[PDB]
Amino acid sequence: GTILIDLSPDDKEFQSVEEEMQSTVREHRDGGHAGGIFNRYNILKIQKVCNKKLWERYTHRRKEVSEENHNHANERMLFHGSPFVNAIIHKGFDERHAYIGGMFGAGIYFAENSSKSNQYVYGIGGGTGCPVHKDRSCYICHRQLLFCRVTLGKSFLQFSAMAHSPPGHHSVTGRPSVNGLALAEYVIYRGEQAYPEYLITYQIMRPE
């Protein structure tokens, strides 16, 4: 039931999504090991993901969470990188998209920094890099990230350097406590608490 609608680069929606992608790049403590060495992207395409059934599943859960949290869903737009993006846009998020070994337990992980989500496009730790060249810093191959609508509800704050949400909470927030330039990461434990709204196709750019 999924269709993908191409956005024009002249569309304000394309431009605001691209700006969020580009402006949330940062340097990573691995010196580029997992995601590659870059300061910006070449955005090739941005598609809107349209699936009525998946959207209704999201909004149903969002209403449940809102009602448990003084009419506040605490909805964010966050990045998700995964080798399973093609499954996710067709069938939705579920337990198979969880990071079993994540620092906040087995849940589905999202990032404010697009460059954090970029580290996971080819697998955990970048896997073995792109399928074609086996290069985690490949500047040729096309990569894809999701820009997702995510319901956090009442989020458990973890200060730091599928399972269940902590009791009385709907998500976990991983607050950076060492790297002053890192943005937060978030974990949900129910696939219905995210909708994969934009599919972004891109390359990382080699710095000059």
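Note that residue numbering follows the sequence shown and begins at 1. Heads up, when I say rigid core I mean the largest set of C-alphas that superpose within 1.5 Å between the two forms.
Of the two segments 181-189 and 14-22, the one whose CA positions lie farther from the displayed form in 9 other deposited structures of this protein, once all are superposed on the rigid core, is 181-189. A fit on the rigid core, followed by a root mean square over CA positions in 9 other deposited structures of this protein, ranks 100-108 against 80-88 and picks 100-108 as the more shifted one. Figure legend: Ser171 is marked as modelled in all of the other comparable entries of the protein, none of which omit it, let alone a third. In the record comparison, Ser160 is unmodelled in at least a third of the other entries of this protein that model the residues flanking it. Missing deposited residues between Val178 and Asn179: none, as the chain runs unbroken there. Of the two segments, 100-108 and 117-125, the one listed with the higher mean B-factor is 100-108 (C-alpha atoms only). Averaged over CA atoms, B-factors in the entry run higher in 9-17 than in the other of 9-17 and 184-192. Which of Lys154, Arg143, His28, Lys53 has the largest Cα B-factor in the deposited entry comes down to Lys53.
Based on the entry's C-alpha B-factors, the most elevated value among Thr173, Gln47, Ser160, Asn42 belongs to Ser160. For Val132, the recorded CA B-factor ranks within the highest third of the chain. Only modelled residues enter the ranking. When all modelled residues of the chain are sorted by CA temperature factor, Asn86 is found within the highest third. Ranked against the other modelled residues of its chain, the C-alpha B-factor of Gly36 as given in the entry falls in the lowest third.
Split the chain's modelled residues into thirds by C-alpha temperature factor. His169 is in the middle one.
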